[PDB]
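Participant: I have a structure I would like to understand better, so I am pasting it below and will then ask my questions one at a time.
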Amino acid sequence: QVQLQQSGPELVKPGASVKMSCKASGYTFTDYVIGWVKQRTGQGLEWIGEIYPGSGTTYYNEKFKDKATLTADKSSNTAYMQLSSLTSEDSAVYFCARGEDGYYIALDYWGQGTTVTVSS
Amino acid sequence: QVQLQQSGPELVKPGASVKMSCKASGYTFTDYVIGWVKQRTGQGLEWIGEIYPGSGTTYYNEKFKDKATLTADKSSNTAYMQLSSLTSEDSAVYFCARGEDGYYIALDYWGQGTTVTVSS
Amino acid sequence: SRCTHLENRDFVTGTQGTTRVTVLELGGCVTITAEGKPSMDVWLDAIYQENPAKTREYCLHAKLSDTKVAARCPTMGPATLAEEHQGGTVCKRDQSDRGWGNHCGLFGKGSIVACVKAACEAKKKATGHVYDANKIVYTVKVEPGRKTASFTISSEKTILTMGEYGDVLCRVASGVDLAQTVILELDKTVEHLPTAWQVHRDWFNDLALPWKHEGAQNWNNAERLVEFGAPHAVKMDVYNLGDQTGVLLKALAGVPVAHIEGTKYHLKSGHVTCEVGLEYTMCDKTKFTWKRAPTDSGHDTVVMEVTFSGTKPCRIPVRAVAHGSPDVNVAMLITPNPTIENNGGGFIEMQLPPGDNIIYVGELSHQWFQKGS
Amino acid sequence: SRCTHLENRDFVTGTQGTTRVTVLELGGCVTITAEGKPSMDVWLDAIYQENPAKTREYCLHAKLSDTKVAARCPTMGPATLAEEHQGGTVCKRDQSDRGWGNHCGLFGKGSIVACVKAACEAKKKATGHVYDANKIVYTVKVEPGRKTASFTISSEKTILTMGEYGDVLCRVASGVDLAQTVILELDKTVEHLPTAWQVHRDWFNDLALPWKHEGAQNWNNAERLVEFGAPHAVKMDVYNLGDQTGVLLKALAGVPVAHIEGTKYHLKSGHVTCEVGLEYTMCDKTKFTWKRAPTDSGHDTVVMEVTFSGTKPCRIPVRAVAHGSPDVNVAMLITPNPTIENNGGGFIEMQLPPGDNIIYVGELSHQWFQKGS
Amino acid sequence: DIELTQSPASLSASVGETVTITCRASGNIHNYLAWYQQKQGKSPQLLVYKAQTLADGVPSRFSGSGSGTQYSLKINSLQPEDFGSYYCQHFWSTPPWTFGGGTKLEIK
Amino acid sequence: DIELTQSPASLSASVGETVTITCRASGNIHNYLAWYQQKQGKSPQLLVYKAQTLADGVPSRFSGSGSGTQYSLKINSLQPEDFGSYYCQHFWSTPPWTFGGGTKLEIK
């Protein structure tokens, strides 16, 4: 069975940076897209960006082009999202999710979520 | 007989003017040239000028061109010489003399002379 | 005598009953004598107009400025500039190659237009003048104490008092034909150049330059000094064809000139037909001296001047003899009845037979060798 | 690809065993591909010389000053002026008509001479340049991150590292024939004008102007801009023939131009023979969008650009079908094996059959009506 | 860009009944629109992909439908596990792969 | 101009003898030169005209002569009335009709 394992929650101060992980278990890592999705507390889903880990190809929402940077390590089967210069507006649950490389028409598996709290 | 009768002597001051006459007797006045000649005391003869009384034509020595003016009155048969702005250099005997109009090759009759004395 | 100062001279004599004589050419001299009258020299002195009419002004050097270019993509309509409907401008409309490479959505011809303001450089103007028939002055002069008489259509007859010699009609309609003449005046500068030319009317009107009438602001056919470059995408250069002075002056090679006296424009050629109303003893031989010794006149005669110191006036006893026979006068006198006057006289012109002759003026003499024919 | 920016383009491919290829023309573009290699565009960019040799300088507008005239009477010897034996002067000797009327003792021809100092007006000079075969630069450029290689006779081979694509001989002797060419540079001003022209050597040497070599003080044949008037007694005018700019530029109508980059004189025509040493998976159909919708290229083909948002690199599934049969690809691809790369790719050129077709790029589609022949 | 408008915003219904929610695309998305169900504080689950194909493990009572710009999701015989938040999203032609605002489905 | 130089300046001679005085013209005066005798304080008398022609009333003993530029006057058998000052003059071609300086002839 396919499993996306995300890292633990972060509590950081304004202006700080966080790096969160997503570990791929049970499938050939390089054949599927990793996509990241934001969700504020009680709010909708927002697409951040995504990476094609087989080729390192990235796409980013204009809204997060300077906020998030996406990377991926083929050997450990782990993708990473790093969020820079945080504000209260970045406090949210972040999801990683799987997509088919070559027919990217849905996010068919989702991780449990990494909650980021930015605080005084 | 041909006679040239000159006027009497003049005693004048420097800068003054004299007018002397020459009267023609015994010949047809207009057919002969009247010529005037200067002679200082004990010195040579100097031609002043002359007039052709039949036509009023005059000739003057460059030396006397501004000193003497020659005129002639056909009706009285009298020629005149007028000497302007006199100096001691003008003290002299002045002669009038006759010449043939058309073959003027000599002064064949001379008047008795008009003596001009310029003085302090 | 004025007619002894030039070879261009005619001689007219009035006999018993001739109290009038009848075609003066500009720059000539006519000696006129008559029974019981003094000798007078008459000539046409000048033909001119003060401030003559102007036709066209031409520009020799375009002053181009404010170059603008507008362009459109293949289906974005026609390009346009404000200057296309303004005066004092030269514009060209063309088509350039447009495509993706030069910011058009389509590949094809794109409308382009280039405009420039066309003025004219200072002192680079050429003015053509023409004469007004009612304002042309024909001035004729007469001398024995010279007097002058000018003529126009409304004043063709002038009577002159010649100092002390008594009193002495020029038809202005019998003068110069100025139907096809334009007087060309350029601005001034180029070190030095003729002040004006006499050109044919046709030639003047066909001059390929910018042109206008006096007081106008915009030049007509200003594009004659403008060359538009090829259209390149969104560009199209405006070039100046240069200063046309040299071009013009070469065209004027072989052309007759004129003259400008301040405001008076003079012709260098002409004539006038007129009508003129005319109403001693021997010199002392021992009193002649040479003023100008007998010399060759340059036109197959011998001329001399003498100074006479006897009674004036009188008739000069001039004759010449050929070596061989001292009894016979061989002088063909050209100067008729040579006479010394009170104010003038003494010039003698004669023609002698080939050979060694002696010229005599009273007892004054001079040898003269005449060359054969 | 640089060769998609113009129609002037050639295509070269190296097969198995071809590790080298062999005639670039100035302003063209050659796309070169080879088995196992990246695609490169190669072209001749410029042909020029910095500070080329000068031949003659010509003067367009004479600066005349210090006009002097000397004259003598018919047998008073020849007239003379100091300037007749000085440099920088133009003199003419002639004969005038002398006589009593103009203060000569005799009647006849009198010697007369007129001299003027002949300089040249500022910025009225025309310089001709020629090229030195050992100083001509042939610069060629290559792109995949563009690199440049310049060549000369003593340095005909340059190896370039193309950023990250590996490493990549131009015979200067196999280039432009410049035996009969002179580059004509005028001074600067007249609003605007070409900076230089390419003229034939013969034509240049036959130019009827004052001329000299660089650094000289006196102009040779300066009389070419001087016209002497007719002799009149003791006078004889010196005239200027005017500014020859307009004359010259009219002579230059139809003549090719060149270019001056500060100190570098560029040709507008040429070529160079060289020798060059030369030593995926399908794109996601749901991720294509049109960047530039299929349009007529202008040379009887259809072009388009797409933007792809899937894994890079990959091969583009492009095809087209004609209305009537959706099973058969009617696209004649001109862009061989259309591929999306990491930095570039997406441009497609194809040729379609007359009629109503549909173009497909993955699932992205667009209709296209092809006009008949 | 593409905007996905979900309607209704929210709705309350009871077990055993049927509800239908919709997703309107601002532009044509050629049926590449997926539906996801999210429970409170949990991770989104894929229900439908390509407008009308059920994902593995999804009950037949979920009906994916629609085309072009107007899509819909219908749930027959609502069960307790069907209550949650429903999101549509689209993977067509070019990103962003925007989501809808979501429809909130709860019990009575 | 013409200059007439008389020579001698002066001379002393006695009655019955012969004397000869001369007049040199600076230029050719074609024989138009006259001679005049002047006594102390009296008016000049014409003796000779045209170089060699005696004037009316003049004695045969006076000989006018010469030509071109060199003229002379010779007096035979000097009488008492011959003593005085002798002047030459010239009327040729153009004035001034200059005189000589004169020769002064006196007794012994």
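Just remember, in the structure tokens the first chain shown is A, the second B, etc., residues are 1-based per chain, and ligands are 1-based in the order shown.
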I'd like the superposed chain F, fitted onto chain E by least squares over all Cα atoms in order, as a PDB file with C-alpha atoms, in the first residue's frame.
Facilitator:
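Dumped to selection.pdb:
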```pdb
ATOM      1  CA  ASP F   1      -6.216  31.183 -14.660  1.00  0.00           C
ATOM      2  CA  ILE F   2      -9.051  28.783 -13.806  1.00  0.00           C
ATOM      3  CA  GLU F   3     -11.593  29.426 -11.099  1.00  0.00           C
ATOM      4  CA  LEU F   4     -13.697  26.605  -9.708  1.00  0.00           C
ATOM      5  CA  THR F   5     -16.951  27.671  -8.043  1.00  0.00           C
ATOM      6  CA  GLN F   6     -18.621  25.124  -5.817  1.00  0.00           C
ATOM      7  CA  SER F   7     -22.324  25.233  -5.107  1.00  0.00           C
ATOM      8  CA  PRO F   8     -23.971  24.997  -2.606  1.00  0.00           C
ATOM      9  CA  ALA F   9     -21.591  26.408  -0.062  1.00  0.00           C
ATOM     10  CA  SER F  10     -23.062  24.103   2.530  1.00  0.00           C
ATOM     11  CA  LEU F  11     -25.943  21.717   3.029  1.00  0.00           C
ATOM     12  CA  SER F  12     -27.549  19.632   5.777  1.00  0.00           C
ATOM     13  CA  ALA F  13     -29.150  16.279   5.038  1.00  0.00           C
ATOM     14  CA  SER F  14     -29.854  12.988   6.708  1.00  0.00           C
ATOM     15  CA  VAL F  15     -28.722   9.371   6.391  1.00  0.00           C
ATOM     16  CA  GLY F  16     -30.239   7.375   3.589  1.00  0.00           C
ATOM     17  CA  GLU F  17     -31.025  10.392   1.429  1.00  0.00           C
ATOM     18  CA  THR F  18     -29.509  11.831  -1.714  1.00  0.00           C
ATOM     19  CA  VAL F  19     -27.640  15.069  -2.292  1.00  0.00           C
ATOM     20  CA  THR F  20     -26.013  16.723  -5.289  1.00  0.00           C
ATOM     21  CA  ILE F  21     -23.253  19.267  -5.289  1.00  0.00           C
ATOM     22  CA  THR F  22     -21.766  21.074  -8.296  1.00  0.00           C
ATOM     23  CA  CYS F  23     -18.490  22.588  -9.567  1.00  0.00           C
ATOM     24  CA  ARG F  24     -18.431  25.306 -12.215  1.00  0.00           C
ATOM     25  CA  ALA F  25     -15.249  25.938 -14.138  1.00  0.00           C
ATOM     26  CA  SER F  26     -14.528  29.447 -15.399  1.00  0.00           C
ATOM     27  CA  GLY F  27     -13.090  27.873 -18.584  1.00  0.00           C
ATOM     28  CA  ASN F  28     -13.172  24.511 -20.369  1.00  0.00           C
ATOM     29  CA  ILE F  29     -11.269  21.890 -18.471  1.00  0.00           C
ATOM     30  CA  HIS F  30     -11.867  18.911 -20.699  1.00  0.00           C
ATOM     31  CA  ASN F  31     -13.114  16.683 -17.919  1.00  0.00           C
ATOM     32  CA  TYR F  32      -9.893  16.649 -15.963  1.00  0.00           C
ATOM     33  CA  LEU F  33     -11.501  17.478 -12.689  1.00  0.00           C
ATOM     34  CA  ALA F  34     -11.260  15.455  -9.536  1.00  0.00           C
ATOM     35  CA  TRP F  35     -13.317  15.386  -6.407  1.00  0.00           C
ATOM     36  CA  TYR F  36     -11.927  15.008  -2.868  1.00  0.00           C
ATOM     37  CA  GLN F  37     -13.646  14.373   0.491  1.00  0.00           C
ATOM     38  CA  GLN F  38     -12.153  15.761   3.663  1.00  0.00           C
ATOM     39  CA  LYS F  39     -13.171  15.055   7.214  1.00  0.00           C
ATOM     40  CA  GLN F  40     -12.580  17.416  10.131  1.00  0.00           C
ATOM     41  CA  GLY F  41      -8.853  17.658  10.842  1.00  0.00           C
ATOM     42  CA  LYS F  42      -8.053  14.784   8.489  1.00  0.00           C
ATOM     43  CA  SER F  43      -6.343  14.429   5.118  1.00  0.00           C
ATOM     44  CA  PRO F  44      -8.292  14.775   1.782  1.00  0.00           C
ATOM     45  CA  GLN F  45      -9.377  11.557   0.051  1.00  0.00           C
ATOM     46  CA  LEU F  46      -9.687  11.120  -3.710  1.00  0.00           C
ATOM     47  CA  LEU F  47     -13.202  10.131  -4.747  1.00  0.00           C
ATOM     48  CA  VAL F  48     -13.496  10.922  -8.401  1.00  0.00           C
ATOM     49  CA  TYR F  49     -11.037  11.661 -11.117  1.00  0.00           C
ATOM     50  CA  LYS F  50     -11.459  12.663 -14.716  1.00  0.00           C
ATOM     51  CA  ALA F  51     -14.893  14.134 -13.928  1.00  0.00           C
ATOM     52  CA  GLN F  52     -16.673  10.777 -13.567  1.00  0.00           C
ATOM     53  CA  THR F  53     -14.342   7.892 -12.738  1.00  0.00           C
ATOM     54  CA  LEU F  54     -14.401   6.519  -9.202  1.00  0.00           C
ATOM     55  CA  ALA F  55     -11.085   6.061  -7.428  1.00  0.00           C
ATOM     56  CA  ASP F  56     -10.129   2.705  -5.964  1.00  0.00           C
ATOM     57  CA  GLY F  57     -12.081   1.949  -2.790  1.00  0.00           C
ATOM     58  CA  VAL F  58     -14.858   4.465  -3.509  1.00  0.00           C
ATOM     59  CA  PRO F  59     -18.542   3.295  -3.142  1.00  0.00           C
ATOM     60  CA  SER F  60     -20.831   2.996  -6.142  1.00  0.00           C
ATOM     61  CA  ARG F  61     -23.267   5.432  -4.488  1.00  0.00           C
ATOM     62  CA  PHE F  62     -20.901   8.268  -5.525  1.00  0.00           C
ATOM     63  CA  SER F  63     -21.722   9.494  -8.998  1.00  0.00           C
ATOM     64  CA  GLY F  64     -19.218  11.637 -10.796  1.00  0.00           C
ATOM     65  CA  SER F  65     -20.669  13.605 -13.705  1.00  0.00           C
ATOM     66  CA  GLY F  66     -20.804  16.669 -15.996  1.00  0.00           C
ATOM     67  CA  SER F  67     -18.679  18.076 -18.827  1.00  0.00           C
ATOM     68  CA  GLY F  68     -16.962  21.126 -20.343  1.00  0.00           C
ATOM     69  CA  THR F  69     -17.461  23.703 -17.583  1.00  0.00           C
ATOM     70  CA  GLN F  70     -20.240  22.322 -15.454  1.00  0.00           C
ATOM     71  CA  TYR F  71     -19.490  19.317 -13.271  1.00  0.00           C
ATOM     72  CA  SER F  72     -21.334  17.574 -10.496  1.00  0.00           C
ATOM     73  CA  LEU F  73     -21.147  14.974  -7.769  1.00  0.00           C
ATOM     74  CA  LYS F  74     -24.200  13.051  -6.554  1.00  0.00           C
ATOM     75  CA  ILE F  75     -24.354  10.875  -3.497  1.00  0.00           C
ATOM     76  CA  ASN F  76     -27.043   8.226  -3.169  1.00  0.00           C
ATOM     77  CA  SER F  77     -28.090   6.767   0.186  1.00  0.00           C
ATOM     78  CA  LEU F  78     -25.904   8.993   2.368  1.00  0.00           C
ATOM     79  CA  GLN F  79     -23.970   7.175   5.046  1.00  0.00           C
ATOM     80  CA  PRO F  80     -22.372   8.656   8.208  1.00  0.00           C
ATOM     81  CA  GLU F  81     -18.937   8.445   6.687  1.00  0.00           C
ATOM     82  CA  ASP F  82     -20.069  10.671   3.795  1.00  0.00           C
ATOM     83  CA  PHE F  83     -20.282  13.756   5.958  1.00  0.00           C
ATOM     84  CA  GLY F  84     -17.399  16.214   5.531  1.00  0.00           C
ATOM     85  CA  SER F  85     -16.024  18.813   3.098  1.00  0.00           C
ATOM     86  CA  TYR F  86     -16.004  18.290  -0.628  1.00  0.00           C
ATOM     87  CA  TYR F  87     -13.422  19.802  -2.922  1.00  0.00           C
ATOM     88  CA  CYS F  88     -13.103  19.940  -6.672  1.00  0.00           C
ATOM     89  CA  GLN F  89      -9.785  20.549  -8.488  1.00  0.00           C
ATOM     90  CA  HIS F  90      -8.527  20.595 -12.073  1.00  0.00           C
ATOM     91  CA  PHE F  91      -5.443  19.392 -13.924  1.00  0.00           C
ATOM     92  CA  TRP F  92      -5.926  20.857 -17.382  1.00  0.00           C
ATOM     93  CA  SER F  93      -3.431  22.412 -19.727  1.00  0.00           C
ATOM     94  CA  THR F  94      -1.559  24.721 -17.405  1.00  0.00           C
ATOM     95  CA  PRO F  95      -1.216  25.450 -13.674  1.00  0.00           C
ATOM     96  CA  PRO F  96      -2.248  26.593 -11.164  1.00  0.00           C
ATOM     97  CA  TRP F  97      -4.217  23.423 -10.411  1.00  0.00           C
ATOM     98  CA  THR F  98      -6.805  25.409  -8.544  1.00  0.00           C
ATOM     99  CA  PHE F  99      -9.352  24.018  -6.159  1.00  0.00           C
ATOM    100  CA  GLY F 100     -12.869  25.086  -5.461  1.00  0.00           C
ATOM    101  CA  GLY F 101     -13.885  26.669  -2.170  1.00  0.00           C
ATOM    102  CA  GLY F 102     -15.477  23.444  -1.125  1.00  0.00           C
ATOM    103  CA  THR F 103     -18.988  22.380  -0.152  1.00  0.00           C
ATOM    104  CA  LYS F 104     -19.646  21.536   3.462  1.00  0.00           C
ATOM    105  CA  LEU F 105     -21.944  18.506   3.935  1.00  0.00           C
ATOM    106  CA  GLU F 106     -23.304  17.773   7.419  1.00  0.00           C
ATOM    107  CA  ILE F 107     -26.092  15.771   9.153  1.00  0.00           C
ATOM    108  CA  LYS F 108     -29.458  17.159  10.315  1.00  0.00           C
TER     109      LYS F 108
END
```
Participant: Taking the DSSP assignment computed from this structure's backbone, write out as JSON, numbers by chain all residues of region 162-267 of chain C that belong to strand (DSSP E or B).
Facilitator: {"C": [167, 170, 171, 181, 182, 183, 184, 185, 186, 197, 198, 199, 200, 211, 212, 220, 226, 227, 228, 232, 235, 238, 239, 240, 257, 259, 260, 261, 264, 265, 266]}
Participant: Please tabulate, as JSON lines, the residues of chain D that come within 10 Å of chain C, each with its closest pair of atoms and the distance in Å to one decimal, counting only C-alpha atoms and ordering rows by chain, then residue number upward.
Facilitator:
```
{"residue": "D:4", "atom": "CA", "partner": "C:101", "partner_atom": "CA", "distance": 9.1}
{"residue": "D:5", "atom": "CA", "partner": "C:101", "partner_atom": "CA", "distance": 6.0}
{"residue": "D:6", "atom": "CA", "partner": "C:101", "partner_atom": "CA", "distance": 8.1}
{"residue": "D:60", "atom": "CA", "partner": "C:246", "partner_atom": "CA", "distance": 9.1}
{"residue": "D:61", "atom": "CA", "partner": "C:246", "partner_atom": "CA", "distance": 8.8}
{"residue": "D:62", "atom": "CA", "partner": "C:190", "partner_atom": "CA", "distance": 8.6}
{"residue": "D:63", "atom": "CA", "partner": "C:191", "partner_atom": "CA", "distance": 7.0}
{"residue": "D:64", "atom": "CA", "partner": "C:191", "partner_atom": "CA", "distance": 6.1}
{"residue": "D:65", "atom": "CA", "partner": "C:191", "partner_atom": "CA", "distance": 7.3}
{"residue": "D:99", "atom": "CA", "partner": "C:297", "partner_atom": "CA", "distance": 8.5}
{"residue": "D:100", "atom": "CA", "partner": "C:5", "partner_atom": "CA", "distance": 8.1}
{"residue": "D:101", "atom": "CA", "partner": "C:5", "partner_atom": "CA", "distance": 6.0}
{"residue": "D:102", "atom": "CA", "partner": "C:5", "partner_atom": "CA", "distance": 9.6}
{"residue": "D:105", "atom": "CA", "partner": "C:292", "partner_atom": "CA", "distance": 8.3}
{"residue": "D:106", "atom": "CA", "partner": "C:295", "partner_atom": "CA", "distance": 7.3}
{"residue": "D:107", "atom": "CA", "partner": "C:298", "partner_atom": "CA", "distance": 5.6}
{"residue": "D:108", "atom": "CA", "partner": "C:298", "partner_atom": "CA", "distance": 6.6}
{"residue": "D:109", "atom": "CA", "partner": "C:298", "partner_atom": "CA", "distance": 10.0}
{"residue": "D:190", "atom": "CA", "partner": "C:240", "partner_atom": "CA", "distance": 6.9}
{"residue": "D:191", "atom": "CA", "partner": "C:64", "partner_atom": "CA", "distance": 6.1}
{"residue": "D:192", "atom": "CA", "partner": "C:239", "partner_atom": "CA", "distance": 5.9}
{"residue": "D:193", "atom": "CA", "partner": "C:239", "partner_atom": "CA", "distance": 5.4}
{"residue": "D:194", "atom": "CA", "partner": "C:239", "partner_atom": "CA", "distance": 7.7}
{"residue": "D:225", "atom": "CA", "partner": "C:246", "partner_atom": "CA", "distance": 9.2}
{"residue": "D:227", "atom": "CA", "partner": "C:193", "partner_atom": "CA", "distance": 9.7}
{"residue": "D:229", "atom": "CA", "partner": "C:194", "partner_atom": "CA", "distance": 9.9}
{"residue": "D:237", "atom": "CA", "partner": "C:192", "partner_atom": "CA", "distance": 9.0}
{"residue": "D:238", "atom": "CA", "partner": "C:192", "partner_atom": "CA", "distance": 7.5}
{"residue": "D:239", "atom": "CA", "partner": "C:193", "partner_atom": "CA", "distance": 5.4}
{"residue": "D:240", "atom": "CA", "partner": "C:193", "partner_atom": "CA", "distance": 6.3}
{"residue": "D:241", "atom": "CA", "partner": "C:246", "partner_atom": "CA", "distance": 6.1}
{"residue": "D:242", "atom": "CA", "partner": "C:246", "partner_atom": "CA", "distance": 4.3}
{"residue": "D:243", "atom": "CA", "partner": "C:246", "partner_atom": "CA", "distance": 4.7}
{"residue": "D:244", "atom": "CA", "partner": "C:246", "partner_atom": "CA", "distance": 4.8}
{"residue": "D:245", "atom": "CA", "partner": "C:242", "partner_atom": "CA", "distance": 5.6}
{"residue": "D:246", "atom": "CA", "partner": "C:242", "partner_atom": "CA", "distance": 4.3}
{"residue": "D:247", "atom": "CA", "partner": "C:247", "partner_atom": "CA", "distance": 5.4}
{"residue": "D:248", "atom": "CA", "partner": "C:242", "partner_atom": "CA", "distance": 8.7}
{"residue": "D:249", "atom": "CA", "partner": "C:241", "partner_atom": "CA", "distance": 6.4}
{"residue": "D:250", "atom": "CA", "partner": "C:241", "partner_atom": "CA", "distance": 7.3}
{"residue": "D:253", "atom": "CA", "partner": "C:241", "partner_atom": "CA", "distance": 9.6}
{"residue": "D:292", "atom": "CA", "partner": "C:105", "partner_atom": "CA", "distance": 8.3}
{"residue": "D:293", "atom": "CA", "partner": "C:105", "partner_atom": "CA", "distance": 9.4}
{"residue": "D:295", "atom": "CA", "partner": "C:106", "partner_atom": "CA", "distance": 7.3}
{"residue": "D:296", "atom": "CA", "partner": "C:107", "partner_atom": "CA", "distance": 7.0}
{"residue": "D:297", "atom": "CA", "partner": "C:107", "partner_atom": "CA", "distance": 6.1}
{"residue": "D:298", "atom": "CA", "partner": "C:107", "partner_atom": "CA", "distance": 5.6}
{"residue": "D:299", "atom": "CA", "partner": "C:107", "partner_atom": "CA", "distance": 9.2}
```
Participant: Could you write out that same residue set with C-alpha atoms as a short mmCIF file (atom, residue, chain, number, x, y, z; two decimals), in the first residue's frame?
Facilitator:
```cif
data_model
loop_
_atom_site.label_atom_id
_atom_site.label_comp_id
_atom_site.auth_asym_id
_atom_site.auth_seq_id
_atom_site.Cartn_x
_atom_site.Cartn_y
_atom_site.Cartn_z
CA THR D 4 13.71 30.06 -36.24
CA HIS D 5 14.09 33.83 -36.16
CA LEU D 6 14.74 34.12 -39.91
CA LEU D 60 33.52 69.67 -51.30
CA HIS D 61 33.64 73.41 -50.61
CA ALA D 62 36.59 75.68 -51.39
CA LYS D 63 37.52 78.35 -48.85
CA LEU D 64 38.91 81.15 -51.00
CA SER D 65 40.68 84.24 -49.63
CA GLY D 99 45.25 101.49 -74.04
CA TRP D 100 45.20 105.22 -73.31
CA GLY D 101 41.76 104.87 -71.71
CA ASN D 102 43.08 102.62 -68.92
CA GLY D 105 50.97 104.32 -73.31
CA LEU D 106 50.31 101.76 -76.00
CA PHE D 107 47.27 100.05 -77.42
CA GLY D 108 47.41 96.27 -77.23
CA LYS D 109 47.24 93.23 -75.01
CA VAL D 190 23.56 68.06 -42.94
CA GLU D 191 20.82 67.07 -40.50
CA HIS D 192 21.35 63.38 -41.26
CA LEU D 193 23.05 61.29 -43.94
CA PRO D 194 24.54 57.83 -44.45
CA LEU D 225 36.43 74.62 -57.50
CA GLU D 227 36.36 79.85 -61.92
CA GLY D 229 36.21 85.59 -64.78
CA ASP D 237 37.49 88.06 -60.72
CA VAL D 238 37.91 84.83 -58.80
CA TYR D 239 34.70 82.82 -58.42
CA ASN D 240 33.81 79.83 -56.24
CA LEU D 241 32.10 76.93 -58.01
CA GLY D 242 30.04 76.23 -54.86
CA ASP D 243 29.35 73.42 -52.41
CA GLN D 244 29.63 70.06 -54.20
CA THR D 245 27.79 68.01 -51.55
CA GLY D 246 24.51 67.84 -53.50
CA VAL D 247 26.42 66.98 -56.69
CA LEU D 248 28.22 64.10 -55.01
CA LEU D 249 25.20 62.67 -53.23
CA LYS D 250 23.30 62.59 -56.52
CA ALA D 253 22.28 57.53 -55.82
CA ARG D 292 1.39 31.17 -29.96
CA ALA D 293 -1.63 29.71 -31.74
CA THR D 295 -0.62 30.64 -37.78
CA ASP D 296 0.58 31.11 -41.32
CA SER D 297 4.38 31.42 -41.35
CA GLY D 298 4.38 33.47 -44.55
CA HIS D 299 6.33 30.86 -46.50
#
```
Participant: Pick the closest to chain E from A:53, A:8, A:102, A:42: which is it, counting only C-alpha atoms?
Facilitator: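 Under the stated criterion, the closest residue is A:42.
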Participant: Quick one: of A:76, A:120, A:48, A:92, who's nearest to chain E, counting only C-alpha atoms?
Facilitator: A:48
Participant: Could you tell me how far CA of residue 54 (chain D) sits from CA of residue 87 (chain D), in Å to one decimal place?
Facilitator: 23.0 Å
Participant: Up to 9 Å from chain F, what residues of chain B turn up? Count only C-alpha atoms and give them as a PyMOL selection string.
Facilitator: chain B and resi 42-49+59-62+95+104-113
Participant: Give me, as CSV, each residue of chain D that comes within 6 Å of chain E, together with its shortest interatomic pair and the distance in Å at one decimal, counting only C-alpha atoms, with rows ordered by chain and rising residue number.
Facilitator:
```
residue,atom,partner,partner_atom,distance
D:286,CA,E:93,CA,5.4
D:287,CA,E:93,CA,4.2
D:288,CA,E:93,CA,4.9
D:289,CA,E:93,CA,5.3
```
Participant: Generate a file of the selected residues that holds C-alpha atoms, formatted as an mmCIF file, in the first residue's frame.
Facilitator:
```cif
data_model
loop_
_atom_site.group_PDB
_atom_site.id
_atom_site.type_symbol
_atom_site.label_atom_id
_atom_site.label_comp_id
_atom_site.auth_asym_id
_atom_site.auth_seq_id
_atom_site.Cartn_x
_atom_site.Cartn_y
_atom_site.Cartn_z
ATOM 1 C CA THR D 286 -2.888 17.107 -20.405
ATOM 2 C CA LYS D 287 -0.191 19.685 -19.831
ATOM 3 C CA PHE D 288 0.057 21.611 -23.072
ATOM 4 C CA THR D 289 -1.252 25.119 -23.686
#
```
Participant: Between CA of residue 257 (chain C) and CA of residue 202 (chain C), what distance in Å does the model show, to one decimal?
Facilitator: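 These two atoms are separated by 17.1 Å.
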Participant: What's the separation between CA of residue 133 (chain D) and CA of residue 29 (chain D), in Å to one decimal place?
Facilitator: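 Result for CA of residue 133 (chain D) versus CA of residue 29 (chain D): 25.2 Å, one decimal.
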Participant: As a list in words, please: all residues of region 161-282 of chain C that backbone DSSP puts in helix (DSSP H, G or I).
Facilitator: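 Here are the helix (DSSP H, G or I) residues of region 161-282 of chain C: residues 201, 202, 203, 204, 205, 222, 223, 224, 225, 245, 246, 247, 248, 249, 250 and 251 of chain C.
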Participant: Output C-alpha atoms for every residue in the selection just made, as a short mmCIF file (atom, residue, chain, number, x, y, z; two decimals), in the first residue's frame.
Facilitator:
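Below is the file that was written, again.cif:
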```cif
data_model
loop_
_atom_site.label_atom_id
_atom_site.label_comp_id
_atom_site.auth_asym_id
_atom_site.auth_seq_id
_atom_site.Cartn_x
_atom_site.Cartn_y
_atom_site.Cartn_z
CA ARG C 201 11.97 81.61 -68.14
CA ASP C 202 11.43 77.93 -69.10
CA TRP C 203 14.68 76.80 -67.49
CA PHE C 204 13.83 78.68 -64.28
CA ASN C 205 10.37 77.16 -63.91
CA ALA C 222 9.96 70.03 -50.35
CA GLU C 223 10.38 66.27 -51.00
CA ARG C 224 12.77 67.18 -53.85
CA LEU C 225 15.56 67.41 -51.24
CA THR C 245 24.51 75.24 -54.75
CA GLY C 246 27.29 73.48 -56.67
CA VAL C 247 24.71 71.67 -58.81
CA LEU C 248 23.01 74.92 -59.75
CA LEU C 249 26.16 76.89 -60.46
CA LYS C 250 27.34 74.15 -62.81
CA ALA C 251 23.97 74.42 -64.57
#
```
